[PDB]
Every structure is written in C-alpha cells, then in structure tokens.
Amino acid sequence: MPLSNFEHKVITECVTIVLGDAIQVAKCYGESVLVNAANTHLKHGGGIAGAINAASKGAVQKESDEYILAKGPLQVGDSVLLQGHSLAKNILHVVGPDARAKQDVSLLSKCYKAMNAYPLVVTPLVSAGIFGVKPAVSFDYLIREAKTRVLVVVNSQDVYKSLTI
C-alpha cells in the first residue's frame, strides 16, 4: 500500500515506474536506498541533487565535500553510498555520463549495476535531465541492469506515459 497514493506501473519483475518526487517515494520505505544523480565532484546543482541537499538543510553537500576531500573525485559511472539524512536508509550518489560533455552514455550500465547491492532502491532516471540523455535511453539501461527491487520515479507525466505506452 505505500504506492497507493502514487500513479505507478509494473514494468518487469524488478522494476516499477512511479509518478512523483523520488524523495517522497523513498520516505514511504524505511529500508530504501535513494539514488542521487550526481557529478564527479558531488557539487549538487538544481536537479534532484539540489532537492535532496535542500531537504537535508545542506547536510548532504557538506557530507559530500568531506568525502571528496578525503577520497578525491568520482569517475563517471562510479557511485558512493552515504548517509540517508532521514530521506532514506542511505543515499547512493551515482555519477551518470554527461551527454552535453560528450561523455559515453553507455556508462549508465555501470551506474545502474551499482544499485543491485541494495534490496530496495528508489531512483530517478540518471543523466536524463541536466546531463542531457533521453529518458527512454536511461530507462532502457536501468531495466537491462536491474537485479533488485527498483522503484524508478519520474516527476513528469509526459515522461511517465512515454515509457509506459
């Protein structure tokens, strides 16, 4: 019943697409890992990264800064599991390829594979906004790689229906 107050559709045995705010979906599941669509330096912009940071009152950005000081920047396709900040059990910061920077879009395979370590994942379509990848392409990589329970959350009905037609 958590998904009763969201428009949703089962796509595969692993993957369900959901209309809404990924942050609000993750909050319905205590055991969820929320995916952040990040960049290599975890400097969070106006996309879901900014929404996540704002919800955490800046704690996520500060935590990110400390991680990057200690370990250096992530490579495209990499991820790091950090604190949930009461948004989820944990937040998995994933670095999708940036198509505007002519990066290799197939690195989305590595992004989504990283999610399989967790029993329940709530994720946006990585790279499908500021990083300029078509939502259908990001979606196709997700369903190729998914081997755990994934709620893929899109905040646009246009996007939702384009992927459920």
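The term rigid core refers to the maximal set of C-alpha atoms that superpose within 1.5 Å between the two forms. The first residue of the sequence shown is number 1, and the count goes up from there.
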| property | result |
| --- | --- |
| Higher-deviation segment by CA RMS in 4 other deposited structures of this protein, core fitted, 115 to 123 or 66 to 74 | 66 to 74 |
| Outlying stretch relative to shown form, 38 to 46 versus 131 to 139 in 4 other deposited structures of this protein, C-alpha RMS (core) | 38 to 46 |
| Between the two ranges 105 to 113 and 29 to 37, the one averaging a larger CA B factor in the entry | 29 to 37 |
| Selected stretch [higher average CA B-factor]: 71 to 79 or 89 to 97 | 71 to 79 |
| Third assignment of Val133 from its chain's C-alpha B-factors | lowest |
| Lowest, middle or highest third - CA B-factor, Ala54 | middle |
| Third of chain Cα B-factors occupied by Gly46 | middle |
| Ranked C-alpha temperature factor of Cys14 among modelled chain residues, by third | highest |
